[PDB]
Amino acid sequence: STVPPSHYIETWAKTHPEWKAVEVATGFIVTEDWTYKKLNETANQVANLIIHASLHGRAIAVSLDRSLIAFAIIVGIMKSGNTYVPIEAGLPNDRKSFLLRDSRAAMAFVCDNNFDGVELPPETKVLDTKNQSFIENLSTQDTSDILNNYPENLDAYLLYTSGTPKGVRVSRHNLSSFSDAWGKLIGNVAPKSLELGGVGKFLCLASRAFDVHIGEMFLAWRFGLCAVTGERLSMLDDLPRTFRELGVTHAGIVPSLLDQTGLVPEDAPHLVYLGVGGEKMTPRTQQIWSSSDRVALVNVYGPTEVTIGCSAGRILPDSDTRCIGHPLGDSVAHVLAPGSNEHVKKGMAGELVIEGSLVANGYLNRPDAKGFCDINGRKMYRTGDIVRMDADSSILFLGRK
Ligand SMILES: [Cl-]
């Protein structure tokens, strides 16, 4: 058992209510922000709105701009004991319609005609976050913390992955174990992180199509940082400007974006921690970023089905770039013969199979999609990835099964 996903939000709201929790950047730089106290109150109001609609354990879809209230809606959905279902605002209408329907969304928070031309399921109650009436009703809800006593395995979010997309059900326990495991890893490899409460910032750069965006905001809150974000086209336009002008101290990026932009550590003067993942980094990226004594560079392995990042390791100038490090928190990595449940001798190639608190609940209504299973009566996920363990038990990524 674990503290809930919104635990650190509530904790910093009590101990340091004036710290900034979220900030959204315009202009391109003008910004606006909310304190932990304000973020937490608004999320409780959102949660109370949801509870008044009698929704429990229901899919609540969100298709919003990059706004302060978006963050409060996400947290609110989780405080109300319901499931967050991100739907990227730029998706084609047909694909938005499918996600609403497949997820059985009971309610949706939208703005900006993001749902214009989307077929809504009749069950979907649609709230426009920019509508004077919705704002007035929200401001009228109670602001105290919700009594948060939901089962551990209750879904916290549903994240769709690929021609018919399948929904991955991620539990409260999964997400809260993620925050705990990464709080520990990041605090260890980038100790300045424990000094940055109230000052540092975690750049929320990921598209809402990926679980990474959830990780970014909850890791910011874990450490007392400000989650900072903007319209993605605007943040990506001049990536050095974004890191430099928004005071970013922590970020996650796919490394080819470092290559394309020519980013170096001096373009991000406040940066102390840089997670990369999702593809192998190039030799020059490694040379440039792995030798800094200010920035800790960490390679992260993270299928959606195992909650954002379940293995990671610091990358140094002599590290193999296929190394995905060691399992996080209580996770246990096994390397099994691709066709059986038999462990291979350490050092041999085989399929990576993860066990532990980061393994997701499963796919939503996709009985033929494989990967989740019981192996020796424990819950595991077979990644489809071929790896081998190094002598020191770190894991090298070799390819796809
Ligand atoms: Cl929560």
# chains A, B, ... in the order shown; residues from 1 in each chain; ligands from 1
>>> residues_near_ligand(ligand="ligand 1", cutoff="7 Å", atoms="only C-alpha atoms and all ligand atoms", output="short mmCIF file (atom, residue, chain, number, x, y, z; two decimals) with N, CA, C and O atoms, in the first residue's frame")
data_model
loop_
_atom_site.label_atom_id
_atom_site.label_comp_id
_atom_site.auth_asym_id
_atom_site.auth_seq_id
_atom_site.Cartn_x
_atom_site.Cartn_y
_atom_site.Cartn_z
N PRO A 4 -1.44 8.25 -2.01
CA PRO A 4 -2.16 8.43 -3.28
C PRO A 4 -1.34 9.25 -4.26
O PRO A 4 -0.35 9.90 -3.84
N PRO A 5 -1.71 9.23 -5.53
CA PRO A 5 -1.02 10.02 -6.60
C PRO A 5 -0.89 11.49 -6.27
O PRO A 5 0.12 12.12 -6.55
N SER A 6 -1.93 12.08 -5.68
CA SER A 6 -1.87 13.53 -5.44
C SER A 6 -1.21 13.88 -4.04
O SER A 6 -1.27 15.03 -3.57
N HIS A 7 -0.55 12.91 -3.44
CA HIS A 7 0.02 13.09 -2.11
C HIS A 7 0.98 14.28 -1.98
O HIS A 7 0.96 15.05 -1.02
N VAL A 75 -5.53 16.25 -11.73
CA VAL A 75 -5.38 15.85 -10.36
C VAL A 75 -6.77 15.61 -9.73
O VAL A 75 -6.95 14.67 -8.98
N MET A 78 -8.26 12.27 -10.43
CA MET A 78 -7.66 11.24 -9.58
C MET A 78 -8.08 11.37 -8.10
O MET A 78 -8.31 10.35 -7.43
N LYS A 79 -8.20 12.60 -7.61
CA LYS A 79 -8.69 12.79 -6.23
C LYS A 79 -10.11 12.26 -6.13
O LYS A 79 -10.50 11.87 -5.07
N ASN A 148 -9.69 10.33 0.56
CA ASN A 148 -9.07 9.67 -0.56
C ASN A 148 -8.80 8.19 -0.24
O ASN A 148 -7.66 7.76 -0.12
#
>>> residues_around(residues="residue 252 in chain A", least_positions_apart="2", cutoff="9 Å", atoms="only C-alpha atoms", output="list in words")
residues 202, 203, 204, 205, 206, 212, 216, 250, 254, 273, 274, 275, 276 and 277 of chain A
>>> atom_distance(atom1="CA of residue 69 in chain A", atom2="CA of residue 114 in chain A")
15.7 Å
>>> closest_atom_pairs(of="range 110-215 of chain A", to="range 46-55 of chain A", cutoff="8 Å", atoms="only C-alpha atoms", output="Markdown table")
| residue | atom | partner | partner_atom | distance |
| --- | --- | --- | --- | --- |
| A:138 | CA | A:46 | CA | 6.6 |
| A:141 | CA | A:48 | CA | 6.3 |
| A:142 | CA | A:48 | CA | 6.8 |
| A:146 | CA | A:47 | CA | 7.5 |
>>> write_last_selection(atoms="N, CA and C atoms", output="PDB file, in the first residue's frame")
ATOM      1  N   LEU A 138     -17.694  25.681 -10.904  1.00  0.00           N
ATOM      2  CA  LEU A 138     -16.473  25.204 -10.290  1.00  0.00           C
ATOM      3  C   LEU A 138     -16.097  26.044  -9.039  1.00  0.00           C
ATOM      4  N   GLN A 141     -17.656  25.120  -5.692  1.00  0.00           N
ATOM      5  CA  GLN A 141     -17.375  23.872  -4.975  1.00  0.00           C
ATOM      6  C   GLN A 141     -16.485  24.039  -3.709  1.00  0.00           C
ATOM      7  N   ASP A 142     -16.560  23.040  -2.835  1.00  0.00           N
ATOM      8  CA  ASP A 142     -15.706  22.988  -1.644  1.00  0.00           C
ATOM      9  C   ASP A 142     -14.190  22.814  -2.008  1.00  0.00           C
ATOM     10  N   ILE A 146     -10.149  15.863  -0.547  1.00  0.00           N
ATOM     11  CA  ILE A 146     -11.163  14.806  -0.630  1.00  0.00           C
ATOM     12  C   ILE A 146     -10.681  13.663   0.205  1.00  0.00           C
TER      13      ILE A 146
END
>>> residues_around(residues="residue 237 in chain A", least_positions_apart="5", cutoff="9 Å", atoms="only C-alpha atoms", output="PDB file with C-alpha atoms, in the first residue's frame")
ATOM      1  CA  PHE A  28       7.265  33.308 -27.487  1.00  0.00           C
ATOM      2  CA  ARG A 232       4.234  22.335 -27.849  1.00  0.00           C
ATOM      3  CA  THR A 242      12.630  27.252 -23.689  1.00  0.00           C
TER       4      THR A 242
END
>>> atom_distance(atom1="CA of residue 101 in chain A", atom2="CA of residue 159 in chain A")
14.0 Å
>>> atom_distance(atom1="CA of residue 14 in chain A", atom2="CA of residue 109 in chain A")
27.7 Å
>>> select_by_dssp(residues="range 192-385 of chain A", states="alpha helix (DSSP H)", output="NGL selection string")
:A and (212-222 or 232-237 or 239-245 or 255-261 or 283-289)
>>> write_last_selection(atoms="C-alpha atoms", output="tab-separated table (two decimals), in the first residue's frame")
chain	number	residue	atom	x	y	z
A	212	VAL	CA	5.53	10.65	-20.29
A	213	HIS	CA	3.40	13.75	-19.84
A	214	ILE	CA	1.91	12.26	-16.67
A	215	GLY	CA	5.34	11.40	-15.35
A	216	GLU	CA	6.70	14.89	-15.91
A	217	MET	CA	3.95	16.65	-13.92
A	218	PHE	CA	3.90	14.14	-10.99
A	219	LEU	CA	7.77	14.19	-10.71
A	220	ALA	CA	7.73	17.96	-10.56
A	221	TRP	CA	5.25	17.71	-7.65
A	222	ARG	CA	7.17	14.93	-5.97
A	232	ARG	CA	4.23	22.33	-27.85
A	233	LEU	CA	4.83	24.04	-31.20
A	234	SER	CA	5.88	27.15	-29.29
A	235	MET	CA	8.18	25.31	-26.80
A	236	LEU	CA	9.77	23.26	-29.58
A	237	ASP	CA	10.31	26.26	-31.87
A	239	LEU	CA	14.41	24.64	-27.64
A	240	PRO	CA	17.37	26.52	-26.12
A	241	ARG	CA	15.09	29.50	-25.45
A	242	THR	CA	12.63	27.25	-23.69
A	243	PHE	CA	15.18	25.69	-21.33
A	244	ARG	CA	16.96	29.00	-20.75
A	245	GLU	CA	14.08	31.43	-20.26
A	255	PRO	CA	17.63	12.18	-27.61
A	256	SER	CA	17.25	12.76	-31.37
A	257	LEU	CA	15.63	16.04	-30.41
A	258	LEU	CA	18.93	16.98	-28.75
A	259	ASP	CA	20.65	16.05	-31.96
A	260	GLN	CA	18.32	17.99	-34.21
A	261	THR	CA	18.43	21.19	-32.16
A	283	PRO	CA	27.65	8.80	-30.08
A	284	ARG	CA	28.00	12.58	-30.31
A	285	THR	CA	24.94	13.22	-28.07
A	286	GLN	CA	26.50	10.95	-25.46
A	287	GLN	CA	29.88	12.73	-25.73
A	288	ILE	CA	28.24	16.14	-25.37
A	289	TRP	CA	25.76	15.38	-22.52
>>> residues_around(residues="range 304-306 of chain A", least_positions_apart="3", cutoff="6 Å", atoms="only C-alpha atoms", output="list in words")
residues 358, 359 and 360 of chain A
>>> write_last_selection(atoms="N, CA and C atoms", output="PDB file, in the first residue's frame")
ATOM      1  N   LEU A 358       5.089  -1.750 -10.791  1.00  0.00           N
ATOM      2  CA  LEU A 358       4.905  -0.842 -11.919  1.00  0.00           C
ATOM      3  C   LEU A 358       4.151  -1.543 -13.064  1.00  0.00           C
ATOM      4  N   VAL A 359       3.873  -2.839 -12.914  1.00  0.00           N
ATOM      5  CA  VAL A 359       3.145  -3.539 -13.967  1.00  0.00           C
ATOM      6  C   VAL A 359       1.679  -3.099 -13.962  1.00  0.00           C
ATOM      7  N   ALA A 360       1.196  -2.613 -15.106  1.00  0.00           N
ATOM      8  CA  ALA A 360      -0.135  -2.006 -15.210  1.00  0.00           C
ATOM      9  C   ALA A 360      -1.263  -3.035 -15.004  1.00  0.00           C
TER      10      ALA A 360
END
>>> closest_residue(among="A:196, A:158, A:91, A:228", to="residue 26 in chain A", atoms="only C-alpha atoms")
A:228
>>> closest_residue(among="A:328, A:352, A:395, A:89", to="residue 178 in chain A", atoms="only C-alpha atoms")
A:328
>>> residues_around(residues="range 336-350 of chain A", least_positions_apart="5", cutoff="12 Å", atoms="only C-alpha atoms", output="compact mmCIF listing (two decimals) with N, CA, C and O atoms, in the first residue's frame")
# COMPACT_ATOMS: atom_id res chain seq x y z
N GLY A 371 0.67 -10.10 -23.42
CA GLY A 371 1.76 -9.40 -22.76
C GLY A 371 1.58 -9.49 -21.27
O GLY A 371 2.51 -9.82 -20.53
N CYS A 373 0.44 -11.32 -18.00
CA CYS A 373 0.14 -12.70 -17.68
C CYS A 373 0.62 -13.02 -16.30
O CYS A 373 1.28 -12.19 -15.67
N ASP A 374 0.26 -14.22 -15.84
CA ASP A 374 0.74 -14.75 -14.59
C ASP A 374 1.81 -15.76 -14.92
O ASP A 374 1.62 -16.62 -15.75
N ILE A 375 2.97 -15.59 -14.29
CA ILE A 375 4.07 -16.50 -14.45
C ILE A 375 4.43 -16.92 -13.04
O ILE A 375 4.72 -16.08 -12.19
N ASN A 376 4.35 -18.22 -12.78
CA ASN A 376 4.49 -18.73 -11.41
C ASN A 376 3.58 -17.99 -10.43
O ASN A 376 4.00 -17.62 -9.34
N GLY A 377 2.34 -17.74 -10.83
CA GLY A 377 1.40 -17.06 -9.95
C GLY A 377 1.79 -15.65 -9.50
O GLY A 377 1.33 -15.18 -8.46
N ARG A 378 2.64 -14.96 -10.27
CA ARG A 378 2.88 -13.53 -10.03
C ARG A 378 2.54 -12.71 -11.30
O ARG A 378 2.67 -13.18 -12.44
N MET A 380 2.88 -10.25 -14.27
CA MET A 380 4.06 -9.80 -15.01
C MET A 380 3.69 -9.23 -16.35
O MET A 380 2.58 -9.40 -16.80
N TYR A 381 4.63 -8.57 -17.02
CA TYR A 381 4.36 -8.14 -18.37
C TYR A 381 5.55 -8.56 -19.23
O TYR A 381 6.70 -8.29 -18.88
N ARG A 382 5.26 -9.21 -20.36
CA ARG A 382 6.28 -9.64 -21.30
C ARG A 382 6.41 -8.54 -22.33
O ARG A 382 5.44 -8.23 -23.03
N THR A 383 7.59 -7.94 -22.44
CA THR A 383 7.74 -6.69 -23.16
C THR A 383 7.79 -6.88 -24.67
O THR A 383 7.51 -5.96 -25.41
N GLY A 384 8.16 -8.06 -25.14
CA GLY A 384 8.46 -8.23 -26.55
C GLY A 384 9.86 -7.70 -26.91
O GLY A 384 10.20 -7.63 -28.09
N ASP A 385 10.66 -7.28 -25.92
CA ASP A 385 11.98 -6.73 -26.19
C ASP A 385 13.04 -7.77 -25.84
O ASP A 385 12.92 -8.49 -24.89
N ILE A 386 14.09 -7.84 -26.65
CA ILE A 386 15.17 -8.77 -26.42
C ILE A 386 16.30 -8.01 -25.78
O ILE A 386 16.71 -6.96 -26.29
N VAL A 387 16.80 -8.53 -24.68
CA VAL A 387 17.84 -7.90 -23.90
C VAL A 387 18.82 -8.95 -23.40
O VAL A 387 18.63 -10.14 -23.61
N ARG A 388 19.88 -8.50 -22.71
CA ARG A 388 20.69 -9.41 -21.93
C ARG A 388 21.21 -8.67 -20.73
O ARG A 388 21.42 -7.46 -20.76
N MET A 389 21.41 -9.40 -19.64
CA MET A 389 22.03 -8.78 -18.47
C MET A 389 23.55 -8.75 -18.56
O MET A 389 24.18 -9.75 -18.88
N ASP A 390 24.11 -7.57 -18.32
CA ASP A 390 25.54 -7.37 -18.16
C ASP A 390 26.00 -8.10 -16.88
O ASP A 390 25.17 -8.59 -16.11
N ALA A 391 27.31 -8.17 -16.66
CA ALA A 391 27.85 -8.89 -15.51
C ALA A 391 27.34 -8.30 -14.20
O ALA A 391 27.10 -9.03 -13.24
N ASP A 392 27.17 -6.98 -14.19
CA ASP A 392 26.74 -6.26 -12.99
C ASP A 392 25.22 -6.19 -12.82
O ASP A 392 24.73 -5.46 -11.95
N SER A 393 24.48 -6.91 -13.65
CA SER A 393 23.01 -6.98 -13.55
C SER A 393 22.29 -5.78 -14.16
O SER A 393 21.07 -5.71 -14.11
N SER A 394 23.01 -4.84 -14.75
CA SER A 394 22.29 -3.84 -15.54
C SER A 394 21.84 -4.55 -16.83
O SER A 394 22.34 -5.64 -17.15
N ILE A 395 20.89 -3.97 -17.56
CA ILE A 395 20.26 -4.66 -18.68
C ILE A 395 20.62 -3.91 -19.97
O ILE A 395 20.56 -2.69 -20.00
N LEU A 396 21.07 -4.65 -20.99
CA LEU A 396 21.33 -4.12 -22.33
C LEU A 396 20.19 -4.44 -23.27
O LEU A 396 19.80 -5.59 -23.43
N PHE A 397 19.68 -3.41 -23.92
CA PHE A 397 18.61 -3.57 -24.90
C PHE A 397 19.14 -4.02 -26.27
O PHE A 397 19.94 -3.36 -26.89
N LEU A 398 18.69 -5.17 -26.76
CA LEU A 398 19.26 -5.73 -27.98
C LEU A 398 18.39 -5.53 -29.21
O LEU A 398 18.93 -5.35 -30.30
N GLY A 399 17.06 -5.53 -29.07
CA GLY A 399 16.18 -5.43 -30.24
C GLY A 399 14.78 -5.89 -29.90
O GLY A 399 14.51 -6.16 -28.74
N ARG A 400 13.91 -6.03 -30.91
CA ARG A 400 12.55 -6.55 -30.73
C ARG A 400 12.50 -8.05 -30.92
O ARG A 400 13.26 -8.60 -31.71
N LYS A 401 11.59 -8.70 -30.21
CA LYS A 401 11.36 -10.11 -30.41
C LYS A 401 10.71 -10.32 -31.80
O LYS A 401 9.86 -9.53 -32.23
>>> residues_around(residues="residue 102 in chain A", least_positions_apart="6", cutoff="12 Å", atoms="only C-alpha atoms", output="list in words")
residues 59, 61, 85, 95, 96, 120, 121, 123, 124, 158, 159, 160, 164, 165, 166, 167, 168, 363, 364, 365 and 366 of chain A
>>> select_by_dssp(residues="range 166-357 of chain A", states="strand (DSSP E)", output="PyMOL selection string")
chain A and resi 166-171+201-203+226-229+250-253+273-277+296-301+311-314+323-327+332-336+350-355
>>> write_last_selection(atoms="N, CA and C atoms", output="compact mmCIF listing (two decimals), in the first residue's frame")
# COMPACT_ATOMS: atom_id res chain seq x y z
N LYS A 166 -5.19 0.18 -28.36
CA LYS A 166 -5.60 -0.49 -27.17
C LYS A 166 -5.29 0.39 -25.91
N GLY A 167 -6.24 0.45 -25.00
CA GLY A 167 -6.10 1.22 -23.76
C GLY A 167 -5.35 0.48 -22.67
N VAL A 168 -4.32 1.11 -22.12
CA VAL A 168 -3.61 0.53 -21.01
C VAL A 168 -4.12 1.15 -19.71
N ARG A 169 -4.51 0.28 -18.80
CA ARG A 169 -5.14 0.67 -17.56
C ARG A 169 -4.00 0.80 -16.55
N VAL A 170 -3.78 1.99 -16.06
CA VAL A 170 -2.71 2.15 -15.08
C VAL A 170 -3.32 2.46 -13.72
N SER A 171 -2.90 1.75 -12.70
CA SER A 171 -3.55 1.91 -11.41
C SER A 171 -2.96 3.05 -10.56
N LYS A 201 12.19 23.62 -11.68
CA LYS A 201 11.08 23.44 -12.62
C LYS A 201 11.27 22.21 -13.48
N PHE A 202 10.19 21.47 -13.69
CA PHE A 202 10.26 20.31 -14.52
C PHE A 202 9.51 20.67 -15.79
N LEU A 203 10.21 20.61 -16.91
CA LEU A 203 9.61 20.99 -18.15
C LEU A 203 8.63 19.88 -18.57
N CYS A 226 8.08 23.43 -9.79
CA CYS A 226 7.01 23.93 -10.62
C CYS A 226 6.94 23.12 -11.93
N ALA A 227 5.80 22.49 -12.21
CA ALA A 227 5.55 21.94 -13.57
C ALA A 227 5.37 23.07 -14.55
N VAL A 228 6.21 23.14 -15.57
CA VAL A 228 6.08 24.25 -16.47
C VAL A 228 5.91 23.75 -17.92
N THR A 229 5.04 24.44 -18.65
CA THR A 229 4.64 24.00 -19.95
C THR A 229 4.14 25.13 -20.80
N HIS A 250 14.85 20.34 -14.53
CA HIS A 250 14.66 18.91 -14.78
C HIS A 250 13.83 18.71 -16.09
N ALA A 251 14.19 17.69 -16.88
CA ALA A 251 13.48 17.45 -18.12
C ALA A 251 13.71 16.03 -18.58
N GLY A 252 12.84 15.58 -19.51
CA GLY A 252 12.94 14.28 -20.17
C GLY A 252 12.77 14.56 -21.68
N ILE A 253 13.53 13.92 -22.55
CA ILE A 253 13.50 14.30 -23.99
C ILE A 253 13.93 13.07 -24.74
N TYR A 273 19.19 17.65 -14.28
CA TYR A 273 18.78 16.28 -14.48
C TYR A 273 18.16 16.22 -15.89
N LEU A 274 18.58 15.26 -16.66
CA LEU A 274 18.04 15.09 -18.03
C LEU A 274 17.78 13.59 -18.26
N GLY A 275 16.50 13.19 -18.30
CA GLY A 275 16.18 11.82 -18.67
C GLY A 275 16.08 11.73 -20.22
N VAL A 276 16.70 10.73 -20.82
CA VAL A 276 16.44 10.47 -22.25
C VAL A 276 15.88 9.05 -22.43
N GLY A 277 15.13 8.80 -23.49
CA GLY A 277 14.63 7.45 -23.71
C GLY A 277 13.91 7.37 -25.02
N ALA A 296 22.96 15.47 -14.62
CA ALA A 296 22.94 14.01 -14.62
C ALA A 296 22.11 13.50 -15.80
N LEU A 297 22.69 12.62 -16.62
CA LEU A 297 22.02 12.12 -17.81
C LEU A 297 21.67 10.69 -17.49
N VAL A 298 20.41 10.34 -17.71
CA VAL A 298 19.85 9.06 -17.30
C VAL A 298 19.04 8.50 -18.47
N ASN A 299 19.36 7.28 -18.87
CA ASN A 299 18.60 6.58 -19.93
C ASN A 299 17.44 5.85 -19.29
N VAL A 300 16.24 5.96 -19.88
CA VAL A 300 15.04 5.48 -19.22
C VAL A 300 14.31 4.51 -20.15
N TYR A 301 13.96 3.35 -19.63
CA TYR A 301 13.20 2.34 -20.39
C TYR A 301 11.80 2.31 -19.80
N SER A 311 12.89 1.09 -15.69
CA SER A 311 14.33 0.78 -15.56
C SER A 311 15.10 2.01 -16.00
N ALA A 312 16.24 2.31 -15.34
CA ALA A 312 16.98 3.49 -15.74
C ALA A 312 18.41 3.37 -15.29
N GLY A 313 19.31 4.08 -15.94
CA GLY A 313 20.66 4.16 -15.39
C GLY A 313 21.34 5.42 -15.87
N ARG A 314 22.28 5.89 -15.05
CA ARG A 314 23.07 7.05 -15.43
C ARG A 314 23.96 6.69 -16.61
N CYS A 323 22.42 0.39 -22.83
CA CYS A 323 22.16 0.08 -21.44
C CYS A 323 20.94 0.81 -20.84
N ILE A 324 19.98 0.06 -20.34
CA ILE A 324 18.81 0.69 -19.81
C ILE A 324 18.81 0.61 -18.29
N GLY A 325 19.96 0.26 -17.73
CA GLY A 325 20.19 0.41 -16.30
C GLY A 325 19.62 -0.71 -15.46
N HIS A 326 19.10 -0.33 -14.31
CA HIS A 326 18.54 -1.26 -13.33
C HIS A 326 17.04 -0.99 -13.07
N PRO A 327 16.30 -2.03 -12.70
CA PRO A 327 14.87 -1.85 -12.45
C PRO A 327 14.62 -0.87 -11.30
N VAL A 332 11.11 -6.23 -10.60
CA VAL A 332 12.09 -7.26 -10.80
C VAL A 332 12.15 -7.59 -12.27
N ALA A 333 13.33 -7.56 -12.85
CA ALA A 333 13.46 -7.91 -14.26
C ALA A 333 13.85 -9.37 -14.36
N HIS A 334 13.22 -10.09 -15.29
CA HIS A 334 13.59 -11.45 -15.60
C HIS A 334 13.94 -11.49 -17.09
N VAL A 335 14.86 -12.36 -17.48
CA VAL A 335 15.10 -12.61 -18.89
C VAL A 335 14.78 -14.07 -19.16
N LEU A 336 13.76 -14.30 -19.97
CA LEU A 336 13.19 -15.63 -20.15
C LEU A 336 13.39 -16.04 -21.58
N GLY A 350 17.50 -12.79 -24.26
CA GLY A 350 16.15 -13.33 -24.14
C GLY A 350 15.15 -12.18 -24.00
N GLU A 351 13.89 -12.55 -23.80
CA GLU A 351 12.83 -11.53 -23.68
C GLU A 351 12.77 -10.96 -22.27
N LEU A 352 12.77 -9.63 -22.18
CA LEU A 352 12.60 -8.94 -20.92
C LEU A 352 11.16 -9.06 -20.43
N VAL A 353 11.02 -9.52 -19.20
CA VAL A 353 9.73 -9.70 -18.59
C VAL A 353 9.79 -9.00 -17.26
N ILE A 354 8.87 -8.06 -17.03
CA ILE A 354 8.90 -7.27 -15.78
C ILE A 354 7.85 -7.75 -14.79
N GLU A 355 8.25 -7.79 -13.53
CA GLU A 355 7.34 -8.08 -12.45
C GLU A 355 7.37 -6.90 -11.44
>>> closest_residue(among="A:356, A:269, A:197, A:81", to="residue 17 in chain A", atoms="only C-alpha atoms")
A:197
>>> decode(residues="range 2-43 of chain A", atoms="C-alpha atoms", output="compact mmCIF listing (two decimals), in the first residue's frame")
# COMPACT_ATOMS: atom_id res chain seq x y z
CA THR A 2 1.02 3.53 -0.88
CA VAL A 3 0.23 7.22 -0.52
CA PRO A 4 -2.16 8.43 -3.28
CA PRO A 5 -1.02 10.02 -6.60
CA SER A 6 -1.87 13.53 -5.44
CA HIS A 7 0.02 13.09 -2.11
CA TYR A 8 2.91 15.47 -2.80
CA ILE A 9 0.62 18.14 -4.12
CA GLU A 10 -1.28 18.00 -0.81
CA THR A 11 1.92 17.79 1.23
CA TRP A 12 3.63 20.92 -0.29
CA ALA A 13 0.29 22.77 -0.23
CA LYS A 14 0.41 22.30 3.62
CA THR A 15 4.08 22.84 4.31
CA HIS A 16 4.94 25.44 1.60
CA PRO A 17 1.65 26.75 0.22
CA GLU A 18 3.37 29.66 -1.65
CA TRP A 19 5.75 27.59 -3.82
CA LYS A 20 4.78 27.50 -7.53
CA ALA A 21 3.28 24.18 -8.64
CA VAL A 22 2.33 24.93 -12.21
CA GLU A 23 3.19 27.55 -14.79
CA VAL A 24 2.17 28.02 -18.39
CA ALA A 25 4.26 30.03 -20.72
CA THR A 26 2.92 32.31 -23.47
CA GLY A 27 4.33 34.89 -25.85
CA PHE A 28 7.27 33.31 -27.49
CA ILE A 29 8.25 34.99 -22.84
CA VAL A 30 5.14 35.73 -20.67
CA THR A 31 4.04 33.25 -17.99
CA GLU A 32 1.30 32.76 -15.41
CA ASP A 33 1.39 30.35 -12.51
CA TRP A 34 -0.40 28.88 -9.52
CA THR A 35 0.88 28.04 -6.01
CA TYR A 36 0.60 24.53 -4.55
CA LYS A 37 -2.21 25.99 -2.38
CA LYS A 38 -4.14 27.25 -5.44
CA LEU A 39 -3.49 24.09 -7.55
CA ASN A 40 -4.61 21.87 -4.69
CA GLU A 41 -7.77 23.89 -3.90
CA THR A 42 -8.83 23.94 -7.60
CA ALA A 43 -8.23 20.20 -7.95
